[PDB]
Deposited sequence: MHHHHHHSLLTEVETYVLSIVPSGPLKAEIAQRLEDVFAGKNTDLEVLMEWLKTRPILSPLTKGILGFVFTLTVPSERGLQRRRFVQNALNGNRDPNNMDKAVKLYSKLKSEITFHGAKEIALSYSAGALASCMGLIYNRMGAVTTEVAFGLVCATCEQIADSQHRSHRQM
């Protein structure tokens, strides 16, 4: 029942318009379990015109964690010392297993460290569990959508 907490949070950073409409459907399709060919929605993201590199990074991060079994996302997630806090946070998320446990800790750090922390996990999608990674996405999305 936590999959909806990722949905609404991701739909908070995407700029309003005819793009939040397209992304909305593509999300609630893989969140129902029909799409399998991972490298289709990946390409679909990369070519979309009103998406910031950061949004393409988070969306690409979420899609990968779903689908059963890229450089344009790594270069979006990863510029001063925010990497320094990310490395230590990354070493902590290994300890945590549940979604809410990591989200509680990740929400306590800067928005810069979180987005870069996601870059660390993308290199190893097996180092940490999925529930935690969602918690990182949820904490990341909220803090960057908390500026205004």
{"property": "Ranges of the deposited sequence (numbered from 1) for which no C-alpha atom is modelled", "result": "1 to 7, 77 to 82, 92 to 94, 165 to 171"}
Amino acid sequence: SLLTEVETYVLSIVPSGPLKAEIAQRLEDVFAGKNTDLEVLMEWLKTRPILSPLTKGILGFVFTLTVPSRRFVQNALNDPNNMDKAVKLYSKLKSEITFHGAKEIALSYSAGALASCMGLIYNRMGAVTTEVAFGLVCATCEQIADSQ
From here on, numbers count along this sequence of modelled residues.
item: Coordinates lacking for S116, a third or more of other entries; value: no
item: Other compared entries missing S69, a third or more; value: yes
item: Between 53 to 61 and 82 to 90 (mean CA B-factor, as deposited), the higher; value: 82 to 90
item: Residue range whose averaged C-alpha B-factor is higher in the record, 113 to 121 or 30 to 38; value: 30 to 38
item: B-factor third for the C-alpha atom of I144 within its chain; value: middle
item: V10 by Cα B-factor - lowest, middle or highest third of the modelled chain; value: lowest
item: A24 by Cα B-factor - lowest, middle or highest third of the modelled chain; value: highest
